[PDB]
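Observations on the model geometry
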Amino acid sequence: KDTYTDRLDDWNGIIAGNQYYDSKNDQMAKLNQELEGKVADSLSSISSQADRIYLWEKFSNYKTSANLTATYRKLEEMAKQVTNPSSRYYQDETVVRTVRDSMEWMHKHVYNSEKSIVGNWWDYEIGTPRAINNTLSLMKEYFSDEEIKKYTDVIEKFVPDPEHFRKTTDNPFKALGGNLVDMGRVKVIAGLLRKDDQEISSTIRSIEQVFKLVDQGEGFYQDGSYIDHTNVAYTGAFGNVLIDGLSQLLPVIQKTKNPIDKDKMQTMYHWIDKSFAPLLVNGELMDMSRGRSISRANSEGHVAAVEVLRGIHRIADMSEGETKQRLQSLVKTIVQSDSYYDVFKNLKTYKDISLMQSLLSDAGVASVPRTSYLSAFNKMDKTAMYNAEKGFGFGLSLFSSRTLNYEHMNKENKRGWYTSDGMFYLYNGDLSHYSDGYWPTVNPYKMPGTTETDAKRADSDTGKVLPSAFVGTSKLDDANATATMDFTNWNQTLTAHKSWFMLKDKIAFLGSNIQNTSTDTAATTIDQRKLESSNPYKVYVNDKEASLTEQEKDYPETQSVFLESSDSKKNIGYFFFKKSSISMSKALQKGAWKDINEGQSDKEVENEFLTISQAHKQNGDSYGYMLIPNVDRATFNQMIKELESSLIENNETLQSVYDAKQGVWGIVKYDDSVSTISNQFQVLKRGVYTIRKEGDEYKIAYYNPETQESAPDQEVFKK
Ligand SMILES: CC(=O)N[C@@H]1[C@@H](O[C@@H]2O[C@H](C(=O)O)[C@@H](O[C@@H]3O[C@H](CO)[C@@H](O)[C@H](O[C@@H]4O[C@H](C(=O)O)[C@@H](O)[C@H](O)[C@H]4O)[C@H]3NC(C)=O)[C@H](O)[C@H]2O)[C@H](O)[C@@H](CO)O[C@H]1O
């Protein structure tokens, strides 16, 4: 037809990619097989009675917005197969008619301009409109330009403003980040379908705002943080949608009369390198950045990671030169480092499958293991650490007066209460740790690293910001950093000065000033590790094999605990600076995804967990231990002997551990008193420090969590 159909043709190549299909292509044929079965199920179950209440019974309750999107997504699947020469439904008269028909019926009795949002606005302005655009785009050769307009009319009624969503409501909000991108997949495509030029130009102009880094509110920050939903760390869910959708759109947008300036898009590489890259470990997308998505059974870390990777790859393909090359190497090495998840299980279009296949087999693209790195995402209170030498990742999940602890929205993530209360993540040889039903089987009252009372929590509860702004990380280099959280629990009955000292190949956990004014007992979960029936651990307490049971066994006078696997890369050792009183247990924990997410399956799931905790029976209590992963038993025993004097201090005003091997100090000062460290120097300001002694010199890394600022050396360091 015209230039719009041209772009609409490019879109089809991106969202389905029938033109690249190849039956002799294993991965492609697998996805085709999947779509064939989908429309087969849809067709064999659609209602074909004279006068019907619903198109599909499973999605009849049209009061539930979700049923509109699910119903239309089914027609998009039919539209994909009907235009695929290799599909059994290719140009099928029945399939063509049911799509056209279904569009009309849905339009007649369910979704039209004369209707109003009922349920989630999201489906009315994003979910459904996208499915409609895609369906009309794929089958434009079967619809009249007039019918197309007719069917996208309702989209214009609900989403008239490319800059605001929920415009038909009493409180529309400005589209930013992920939402802004979907606004493009809604109005740019719909604009294309309607041959509406003003719509295209204004939506693109509106989309261009996503390329702006922010220093407040929602968006990407200079330090790599990405905030969404007012104050929630969301690089891993909304960031996904952002990069995923934008990467699909850009190729199309760029071929219009309103291409986005190159210098304007250059910021995308900032997101990739500073925001996304650090959150990817062995093909897994750190859960601490995925908000409520963690409660979705079909979006575990490795799966969520491919959403980002496919977006990054599309961007690399859109680039050229070293940029294309480096991005390709980035995607290639990450995917190849994933021995647990098959990346193709989440490449849902032929072009995406194709791109990935050529990348993996192109010998010209280097795939070299990622180097060590430490990202201090202070603008979202998270820290990601990775050691390339020992091969383990570490995630520190916190929150402050600037951020919400956990998101429970739309009945999702009902029990994430403590996932940001100083929760830590360890990524080692067991790539499936946080997968295979970890979230619905993990005991939510004992999130690893967290200090909490055992009071009962309500599923109906929702997030809160922390009273204190004294939460933050001061990074010295790629292997060393220190963090602290002026912790107070959800009902202000317990406090604790929790601090972490990341020192290259280990992390020390220090807690002091632990107080409890309530009646419930207080304890810190040193860990709750999910086990693999295939790789059993040999537990040692004080280097003596211990036999754990579902019943908590107490181990007083503990100097160390060691979990031994046949794979050094799965070993976890804990050295207690001062002999401590801990309790351990290994028990089968059962649950269902529905428990933490109403819309998930109620199917029972179960996993075996090893729980280690330390009770706090008095005020002024404390804890102190070093987490040492990926070393064998003899090396762990020898190391804890060397660290016998690493703890420099752990009280209510000062906390610090020292790495003699590196000549690095980790320090946290809660007050402005003069602290003399190791009889060598003085730290003078309240805040977080990471210092390295280089012979006669001292490299200083100071951070003031409250003002979110560093400071001149002479202000905080002396001698
Ligand atoms: C209660 C209310 O209306 N609160 C508003 C808040 O509304 C919420 O906005 C979200 C949003 O996207 O901004 C909505 O989140 C999305 O809901 C979808 C339907 O349940 C769900 O499918 C989305 O999940 C993603 O879907 C993608 C897709 O289907 O294409 C997937 O490709 C993607 O992998 C998957 O994660 C879900 N989005 C995310 C990122 O999880 C939420 O339902 C809706 O209630 C407004 O946004 C804010 C404005 O800042 O104000 C509140 O008051």
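Rules behind the numbers
- Residues numbered from 1 in each chain as written, not as in the entry; some residues may be left out.
- Heavy atoms only, no water.
- Pairing = 2+ DSSP bridges.
- Helix = DSSP H or I, 4+ residues; strand = E, 2+ residues; numbered from the N terminus.
- Near = heavy atom within 4 Å.
- Polar contact = N/O pair within 3.5 Å; in protein donor to acceptor, adjacent residues only side chain to side chain.
- Areas by Shrake-Rupley, 256 points an atom, 1.4 Å probe, with all protein chains shown as cover.
- Buried < 20%, exposed > 50% of the residue type's maximum accessible area, 1.4 Å probe, protein only.
- Salt bridge = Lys/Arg side-chain N within 4 Å of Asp/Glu carboxyl O.
- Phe/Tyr/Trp six-rings, centres within 6.5 Å; stacked < 30°, edge-to-face > 60°.
- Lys NZ or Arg CZ within 6 Å of the ring centre and 35° of its normal.
- Expected span 1.5 Å × (residues − 1).
- Contact = heavy atoms within 4.5 Å.
- Domains from an automatic or database assignment.
- Axes fitted to C-alpha atoms, helices over the stretch in contact; angles between N-to-C directions.
- Left-handed = near helix turned anticlockwise from the far one by under 90°.

In its metadata, the entry names X-ray crystallography as the structure determination method and reports 1.53 Å as the resolution.

1. What about the sheet that holds strand β31 (residues 717–718)?
The strands that make up a sheet are held in pairs by hydrogen bonds between backbone atoms, and each pair lies either parallel or antiparallel. Strand order in the open sheet formed by 3 strands is β27-β28-β31, and the pairing between neighbours is antiparallel. Both edges of this open sheet fall to β27 (675–677) and β31, since each of them pairs with a single strand only.

2. Here's the deal with the site of the ligand
The environment of the ligand is made up of 17 residues, and the closest members are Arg-73, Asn-120, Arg-296, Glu-307 and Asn-410. Contact between the ligand and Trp-121: an oxygen atom at 2.9 Å from a side-chain N or O atom of the residue. With respect to the ligand, the side chain of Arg-166 contributes an N or O atom lying 3.4 Å from an oxygen atom. When the ligand sits alone it has 940 Å² of accessible area, and the protein chains cover 70% of it.

3. Let's talk about the pairing of strand β13 (residues 471–475)
Summarising burial for β13: 4 of the 5 residues are buried, a large majority. Where β13 lies against strand β14 (residues 480–488), 5 bridges are found, and the strand directions are antiparallel. Across the sheet, residue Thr-473 finds its bridge partner in β14, namely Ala-483. Counting the residues in the hairpin turn of β13 and β14 gives 4 residues.

4. Topic: the sheet that holds strand β4 (residues 226–228)
Strand order in this open sheet of 3 strands is β3-β4-β5, and the pairing throughout is antiparallel. Looking at which strands have only one partner, the edges of the open sheet turn out to be β3 (219–220) and β5 (232–233). Bridge count between β4 and β5: 2 bridges; the pairing is antiparallel. Bridging from a neighbouring strand, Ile-227 pairs with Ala-233 of β5.

5. Section: the pattern of salt bridges
Evaluated as defined, the whole model comprises 44 salt bridges. Across the pair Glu-93 and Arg-97 runs a salt bridge, and its minimum N-O distance is 3.1 Å. A residue pair is termed a helical-turn pair when its members lie 3 or 4 positions apart in one helix, as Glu-93 and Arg-97 do in helix α4 (residues 93–109) at 4 residues. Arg-97 gets classed as partly exposed once you look at its relative accessible area, which sits at 44%. For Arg-292, the salt bridge goes to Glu-412, with nearest N and O atoms at 2.8 Å. Here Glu-412 lies in the loop between β10 (392–397) and β11 (423–427) and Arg-292 lies in the loop between β7 (284–285) and α12 (301–318), a separation of 120 residues in the sequence. Judged on exposure class, the residue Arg-292 and its partner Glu-412 are both buried. Via salt bridges that share partners, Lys-1, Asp-2, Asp-145 and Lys-195 belong to a single interconnected network.

6. Description of the packing of aromatic side chains
The geometry of an aromatic ring pair comes down to the distance between the two centres and the angle between the two planes. In the structure shown here, the tally under the stated rule is 40 aromatic pairs. Through successive ring pairs, a cluster of aromatic residues spans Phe-394, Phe-424, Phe-509, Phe-576, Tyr-623 and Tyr-625. Across the ring face of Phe-143, the terminal group of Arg-100 is positioned such that the distance to the ring centre comes to 5.3 Å. Lying over the aromatic face of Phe-470, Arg-686 brings its terminal NZ or CZ to 3.9 Å of the ring centre.

7. Let's talk about helix α1 (residues 3–15)
The terminal C-alpha atoms of α1 lie 18 Å apart, and with 13 residues this matches the ideal 18 Å at 1.5 Å per residue to within 8%. The complete set of buried residues in α1 reads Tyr-4, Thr-5, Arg-7, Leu-8, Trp-11, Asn-12, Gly-13, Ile-14 and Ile-15. Next to the buried residues of α1 lie α3 (66–82), α5 (121–138), α7 (177–193), α8 (197–207), α9 (238–253) and α14 (350–361). The backbone nitrogen of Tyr-4 lies 3.0 Å from a side-chain oxygen of the residue at the head of α1, namely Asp-2.

8. Focus on the domain arrangement of the chain
Interface size is commonly expressed as the accessible area that is lost once the parts come together. By the assigned domains, the chain splits into domain 1 (1–372), domain 2 (378–634) and domain 3 (635–719). A C-alpha centroid distance of 48 Å is found between domain 1 and domain 3.

9. Digging into the packing of helix α11 (residues 268–276) against α12
The contact between α11 and α12 brings their axes to 11 Å, and the two run at 145°. Where α11 crosses over α12, the two elements pack in a sense that is left-handed. Along its contact with α11, which presents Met-268, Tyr-269, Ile-272 and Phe-276, the element α12 presents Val-308, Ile-312 and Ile-315.

10. Side note on unusual backbone geometry
We note that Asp-51 has phi near 80°; this positive angle belongs to a residue other than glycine. Position of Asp-51 among the secondary structure elements: in the loop between α2 (26–45) and α3. Although it is not a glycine, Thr-230 sits at a positive phi angle of roughly 75°. Tracing the chain through its elements places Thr-230 in the loop between β4 and β5. Given the relative accessible area of 59%, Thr-230 is considered exposed.

11. Observations concerning the side chain of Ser-87
Considering the arrangement of structural elements, one finds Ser-87 in the loop between α3 and α4. Since its relative accessible area comes to 6%, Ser-87 is described here as buried.

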